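# Structure assessment
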Amino acid sequence: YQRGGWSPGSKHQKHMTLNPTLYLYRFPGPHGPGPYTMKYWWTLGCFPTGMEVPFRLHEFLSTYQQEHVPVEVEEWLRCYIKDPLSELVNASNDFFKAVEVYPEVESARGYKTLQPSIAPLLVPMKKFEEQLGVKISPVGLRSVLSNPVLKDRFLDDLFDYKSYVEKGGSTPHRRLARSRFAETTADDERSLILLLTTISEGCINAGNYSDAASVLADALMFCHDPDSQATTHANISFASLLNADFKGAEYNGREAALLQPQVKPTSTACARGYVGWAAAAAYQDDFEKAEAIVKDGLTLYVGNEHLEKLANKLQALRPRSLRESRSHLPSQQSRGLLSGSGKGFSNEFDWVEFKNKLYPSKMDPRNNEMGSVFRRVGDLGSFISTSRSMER
Amino acid sequence: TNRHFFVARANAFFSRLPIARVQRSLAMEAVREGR
Amino acid sequence: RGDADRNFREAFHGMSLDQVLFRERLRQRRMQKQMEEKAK
Amino acid sequence: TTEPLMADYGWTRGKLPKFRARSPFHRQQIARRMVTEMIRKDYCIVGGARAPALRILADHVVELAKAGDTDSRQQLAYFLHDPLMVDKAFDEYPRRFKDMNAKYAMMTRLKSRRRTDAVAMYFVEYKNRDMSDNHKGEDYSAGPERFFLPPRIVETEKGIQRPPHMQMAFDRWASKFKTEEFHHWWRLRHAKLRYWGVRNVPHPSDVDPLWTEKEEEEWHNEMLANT
Amino acid sequence: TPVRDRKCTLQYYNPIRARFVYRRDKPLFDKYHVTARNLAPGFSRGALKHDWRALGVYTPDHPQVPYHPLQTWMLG
Amino acid sequence: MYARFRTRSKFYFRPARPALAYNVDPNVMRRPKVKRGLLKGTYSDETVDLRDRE
Amino acid sequence: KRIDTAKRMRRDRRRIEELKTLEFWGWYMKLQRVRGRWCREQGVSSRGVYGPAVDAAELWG
Amino acid sequence: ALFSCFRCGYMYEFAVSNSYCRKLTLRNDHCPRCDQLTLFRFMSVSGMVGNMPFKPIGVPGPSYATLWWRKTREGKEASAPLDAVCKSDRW
Amino acid sequence: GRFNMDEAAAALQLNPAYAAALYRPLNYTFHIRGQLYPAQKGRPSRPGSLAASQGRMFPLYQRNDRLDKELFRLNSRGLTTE
Amino acid sequence: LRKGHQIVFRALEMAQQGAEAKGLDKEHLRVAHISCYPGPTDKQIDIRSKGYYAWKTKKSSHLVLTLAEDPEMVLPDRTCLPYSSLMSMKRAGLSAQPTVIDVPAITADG
Amino acid sequence: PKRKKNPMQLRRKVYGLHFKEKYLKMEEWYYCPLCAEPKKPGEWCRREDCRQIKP
Amino acid sequence: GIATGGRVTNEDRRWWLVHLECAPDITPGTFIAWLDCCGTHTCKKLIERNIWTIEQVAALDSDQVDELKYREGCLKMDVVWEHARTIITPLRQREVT
RNA sequence: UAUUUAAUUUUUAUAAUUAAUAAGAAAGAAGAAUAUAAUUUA
RNA sequence: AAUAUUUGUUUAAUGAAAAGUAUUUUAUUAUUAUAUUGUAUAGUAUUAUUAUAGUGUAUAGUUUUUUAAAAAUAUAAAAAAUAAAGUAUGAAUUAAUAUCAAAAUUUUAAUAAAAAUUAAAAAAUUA
Ligand SMILES: [Zn+2]
Ligand SMILES: [Zn+2]
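Method of determination, as annotated in the archive: cryo-EM, at 7.8 Å resolution.

Right, here's the structure in full:
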């Protein structure tokens, strides 16, 4: 009888005639009330014993009270919002000031040195980004600030963007104004697409392909001139080729090829587009298509060293059901390590997605297999559904 | 006993000797002498 | 649909759908440049 | 017991493995519903010691259907929960398997395990399906959408047709899920499960139906697209 | 310390993978059957690091394949 | 067998921390105001609490 | 009244379960006539891998 | 098992396996005498379907009822008229 | 060409509301005690969600007093002596 | 199959997102520090026969996880295949050696 | 249990081969040439390629 | 005769010739199912070829045998063929007297 | 549960110079499971 | 205590007044009746072994029970059925102790895991 404390959390054995207590199911412990009672708090509305008085005050102060704003006030608020032009000027300026003073990496011998972190850079770039409407990789930026060459390009192209935005206006904001109420890409926009291409190009060196491919999208978002279009489309092809998006590579790949009539004779762009369209065919395993394409490239562009390389490579390499089954490149190994099915979780035997809610695999709307609830459904008192004698 | 000589078995190789054939052989030698 | 397509791609001289459409749109754009140089 | 249906479940090598059940009766009942279900849709994902057992039994059903005999039929009909499936077996499998004698079912050990318990999951199919009449171009890599919908078909294979009498049965059994009392059954099942409580089962106010008329009219659309 | 990750052990001898060499898999396959899938001619019990071929191992009644140098991508 | 795990003694014995008298921390008026976690060497970027609604 | 309710209720459910059944058997026999129809053109014997001579023997049937 | 139609009492027989257990007491079937789907009841138990190894197959013995029913039909008296045609072991 | 309980009733002159109430438990139609699952019972509106009435989420299982009166409880004027 | 390992997976993945958000490099990341210390706790009634009871304690722990960048690292190759995979793939018609295709570096002239 | 056990008693279990085996051990794995997922040899994917050629 | 692997040896013919007189009543016209390694499936495929008789199976051209055991699929067919080839003549001899 | 015995630590090419009365890459099924180390097989 | 327990793969619990707790948002006549009032899950500390009892009735199958060897325990026929490596959950008796206390001999105020002597007890896991 009674080998432990008389508190009703206490460790050891109790008795009902000596230390009587009412029945509490899950009652939060001496410290922290933890994950389980909290689950109850957020679904059931209180702790499962019903003893505890629900106290929501502190989260009410945090959500509903904060958003309260009266009509008279919020009717006038959008009149005082900061002016976007001045914003771009400021964000560009201090972003640049912050990148210029980022130290040059000391090159050691026998071991690689850690690049000094960009803590302070993330603050200006975050505002610059959303002033502009484009998201930039922190990774790519770091890789850019490693290489001397890339840091140079990035720096001065930034500087030009700064200058053209201060003396002139912001052309995407013009082209936004004239849109809801046609001309070649402006100087500032050129500056922009150039710096973004540079940061994506650094974003490749570090080996984040998905991110480089994502960044060049916003890059072509700004180029209204045919040649910039060709180049950027090609670059997106090569970035989505490494990232193992073959459909996007085989799309953006051929745009650069389509643009060849209106693009100047000095462009390598369209040739690149051909290359990407071809390779994107090759990784999906149809080599006849590939060879056809490279044949067309050397048809139009005669001697071309890239298309020469792919001519010789396809030449060297020389079933519908087994096509693109193979994993050939590493980035989809990298993407296969996350987002994979493991033993014990994140497979079809654990939890399943239905319309953005989680179900046990027991009741899975896509599967009537053994143990599924839908096996026991019965005939619902209407008609006989199947000829099964025993079960159903 | 976990040793090798004792654990390993020759089952897989039995097709090398014709057990059925020899059994029938000594059944022939069973009826020849009249058992 | 398998032999349907095996008929499709061999009517087009061993092209595929995308190569056909690509050729086509390419021609339409080169003839847009033609309309351009004839108008200007 | 050497007869190619009636089974002996031991752990000795003469016998096919005894997977855990309540009583050899219960065991036999389980075997019967695994066979029934595997004959119905060709693959069965099955955990534990059941899987080899299920393969061997499958091979036995195909062997029977090959025998093509009245006593054979009637022996298979004793064994199955579904009479119609006996017919589907004896119609299909003889054309299917005419060129092979041995090992008609393919067992495949899956790299994922039930989270419920550590037991391993196996994928048991009938072998070559390109001679199969009603299973011809199907792809089981992923499931279908709503589980009462006819399963996926490989892209090259879209326009295939199936035995009329099978799709009749299938549509009949399908049509009871487009009804409203099934939707009520669905909500109420959520409620029941919650009371017993299994975690991650949404409250019945959030449970929106498996079947609507819009989803339907596009489903029928692509169903006649596959036809 | 350098990261503790094991190098590739796939091609060394393993006692549980060694069981599957002479096991009969006809039911595990459908289109693609190969003579003996797990058994690598000349190499001990399936493992590629343990290769015996074109050394003097005396095996009067069994066949032995000749030696071609393995590639780098088949070991690690 | 390849890994190395040796049992931690803090799980065997966990006496609660000394409580305050009259809510007075004896050394308040002596020591600096630096967050204790910092000087201890304890730091984080994200603190993800699973007791939150989100 | 609750006697008569209890019986009246158990009577007509017996009635409609028979409507269920009759319609079921009807549909299934339709099904089988469909199958019998379709097996002819396809040339399905459903007597197995053997030709007709085998059950013609009638030793095996 | 022995089954007889409710209304016309027509008799017939077949084995019932472990799978058909719910149908043992009442069956629905097409009755030859009164032609339509009708209801059959279980009067008497006959035999098993399956069997255990090292055990006789025919000793969950069919009742005296079923055997009387197999004497009345298929007996010396019942077969005697039909033999002028067949003598069933013959064609 | 299916069963279709409504047109099964229309043939048998059974008042279709009633025929359906033969095939669901006596609990869900007539006023009689019976097991109820607390998730059916319905919930008031939260900040994220709307309210949930058991009327809306279970139209069919709600009780029908037409039937209840015409079946189970007695009539007064049948018994009156005055 | 262990639950802990799954929890640590969620943690790893999140801190990986964070470490990429901070500008580091995915491929050269390594776990610098993993520790776990005792967290909050909930309690539960266990009713034992003859009017006895005890309190089942539902335990919960805090987990601390640090990913650090390590340039010197070289990863062991996981792209090796068992002989079986190799020649099964051969018989299927697949190439056992994956296709490399030379990709020209991204450049901007416009 | 006649007596409370000290920290050494508790640690003695982890010297065992059983304890090491169950809990702290590394799995051998490679990348599925089809799925690009990590994989132990002898277990496979529910997919039409993985089921035919099991890699 | 039954469990013999591969070739059918002459010592094994001896087994057959010996067991010929173990069974007193047999005619060269006897039904197939009395043969070594003649199964239900083996018999059936023989029958649709209109072969009921030990004489008829001893009359086979051996390129009937193979496609009977390969394209058709009766295993151990060559065993029953060989068994027949052996036994047919002593049956005729015990048939005359 | 402490001691004490008996067994085990998952093929050890091999065992006994003495005590008392022995250990090579590893875990799913040891079986691709219905006793063949594939019964021919699409 | 890496312990026991738990473990949800297939339903004739038909019926249910006597429970004295459980936000029905409007649960609901169409009445033939008049006003008024009131209809669904908590007995035994539990969503317990599973209630008590009065109705009235018989084909609504009226639809939550893990698992890949063997001893010994429990049932039934030493055979048969069931249960033990396991993922997850996670109590209770007990606890003076040092990394432990093995074997023998004698003594000491009563077993003496106390002394002294001689001695020769490895770790893990299971019975
Ligand atoms: Zn009748
Ligand atoms: Zn795979």
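### Here's the deal with the protein's contact with RNA strand N
The full set close to RNA strand N counts 101 residues, and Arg27 and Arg114 of chain D, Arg22 of chain H together with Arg33 and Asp65 of chain I are the nearest of them. A breakdown of the atoms of RNA strand N within 4 Å of the protein gives sugar and phosphate a share of 56%. Interatomic distance of 2.5 Å between a side-chain N/O atom of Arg22 of chain H and a base nitrogen of RNA strand N. Between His31 of chain I and RNA strand N, the recorded distance is 3.3 Å, taken from a side-chain N or O atom to a sugar or linking oxygen. Per-element accounting of the surface near RNA strand N gives the leading share, eight residues, to helix α1 (residues 2–42) of chain G. Classifying every residue of the surface near RNA strand N gives 32 nonpolar, 24 polar and 45 charged.

### What to know about the interface of chain E and chain J
Every contact between the two is made by 26 residues of chain E and, on the other side, 19 residues of chain J. Roughly 1,700 Å² of surface becomes buried between chain E and chain J when both sides are summed, with 62% attributable to carbon and sulfur atoms. Summed over the three residues of chain E that lose the most area to chain J, namely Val3, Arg37 and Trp73 of chain E, the buried surface amounts to 31% of that side. The interface formed by chain E and chain J contains zero salt bridges. Summed over the shared surface of chain E and chain J, the number is seven residue pairs in polar contact. Here the residues of the side of chain E that touches chain J are counted per class, giving 15 nonpolar, six polar and five charged.

### Let's talk about the side chain of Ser4 of chain H
Residue and element names in this part refer to chain H. For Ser4, the position within the fold is in strand β1 (residues 2–5). The class of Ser4 is buried, set by a relative accessible area of 3%. Those residues in contact with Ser4, other than ones at most four positions away along the chain, are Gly9, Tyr10, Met11, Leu39, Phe40, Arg41 and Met43.

### A few points about the sheet that holds strand β1 (residues 44–47) of chain D
Residue and element names in this part refer to chain D. Ordered in space as β1-β3-β2, the three strands form an open sheet in which the pairing is antiparallel. If you trace the sheet from one side to the other, it starts and ends with β1 and β2 (105–113), each paired once. Strand-to-strand, the axes of this sheet are offset by a mean angle of 30°, without reference to chain direction. Inspection of the sheet shows β1 paired to strand β3 (residues 120–126) by four bridges, in the antiparallel sense. Bridging from a neighbouring strand, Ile45 pairs with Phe123 of β3. Against the sheet, helix α1 (residues 24–40) contacts β1, β2 and β3, and its axis sits at roughly 55° relative to β3. Contacting β1, β2 and β3, helix α2 (residues 50–67) crosses the sheet at an angle of about 10° to β3.

The rules behind each value
- Residues numbered from 1 in each chain as written, not as in the entry; some residues may be left out.
- Chains lettered and ligands numbered in written order.
- Part of a larger assembly, values for the part shown.
- Heavy atoms only, no water.
- Near = heavy atom within 4 Å.
- Polar contact = N/O pair within 3.5 Å; in protein donor to acceptor, adjacent residues only side chain to side chain.
- Helix = DSSP H or I, 4+ residues; strand = E, 2+ residues; numbered from the N terminus.
- Nonpolar A, V, L, I, M, F, W, Y, C, P; charged D, E, K, R; others polar.
- Contact = heavy atoms within 4.5 Å.
- Buried area = accessible area lost by both parts, 1.4 Å probe.
- Salt bridge = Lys/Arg side-chain N within 4 Å of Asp/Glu carboxyl O.
- Buried < 20%, exposed > 50% of the residue type's maximum accessible area, 1.4 Å probe, protein only.
- Pairing = 2+ DSSP bridges.
- Axes fitted to C-alpha atoms, helices over the stretch in contact; angles between N-to-C directions.

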